[PDB]
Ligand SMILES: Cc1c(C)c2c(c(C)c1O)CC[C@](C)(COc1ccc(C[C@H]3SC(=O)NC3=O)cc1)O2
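Encoded as structure tokens, the following chain is the form solved without this ligand, with no partner shown.
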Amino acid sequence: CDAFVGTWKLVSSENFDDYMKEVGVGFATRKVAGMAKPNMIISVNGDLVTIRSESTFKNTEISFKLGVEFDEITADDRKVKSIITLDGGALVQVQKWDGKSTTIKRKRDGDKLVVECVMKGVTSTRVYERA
């Protein structure tokens, strides 16, 4: 929560095409999504956190309370169920859709925000810096 509020800009990506191929995203969608260089805006108002991502591909926004299940439809049109929790100062997100599952973890490292995306052993790392 307060370590994260602010505005952030993507600075590097590693293995995002292979992670997206594992999640099941189609050729054309992986191509235009892998070119995007997003800006993430995170805020807290009492009990509620909001994460907004703004991009040349799609703009996205989710609002939630920690530990409580919600519906989300992702930038690539998968309709899923998610839960977000804090573990040792990291936010962990689990997305579930028809027998599948992924985890997206966000933690601070120095002045950076690090996001690790995992689907069956394939891991992708994206690093953001304060804009």
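Residue positions are given as counts along the sequence shown, with the first one as 1.
The next section is about a form of this same protein that is not shown, the form deposited with this ligand bound.
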(message) Considering non-hydrogen atoms and a 4.5 Å limit, does this ligand approach residue 76 in the bound PDB entry?
(response) yes
(request) Verify the contact flag for residue 104: yes if a non-hydrogen atom of it lies within 4.5 Å of a non-hydrogen atom of this ligand in the bound PDB entry, no if not. (result) yes
(message) Taking this ligand as it sits in the bound PDB entry, is residue 64 in contact with it (heavy atom to heavy atom, 4.5 Å or less)?
(response) no
(message) Can you work out whether residue 4 and this ligand are in contact in the bound PDB entry, taking contact to mean some heavy atom pair no more than 4.5 Å apart?
(response) no
(request) Would you mind checking 50 to 65 for residues with a heavy atom within 4.5 Å of this ligand in the bound PDB entry? (result) 53, 54, 55, 57, 58, 60
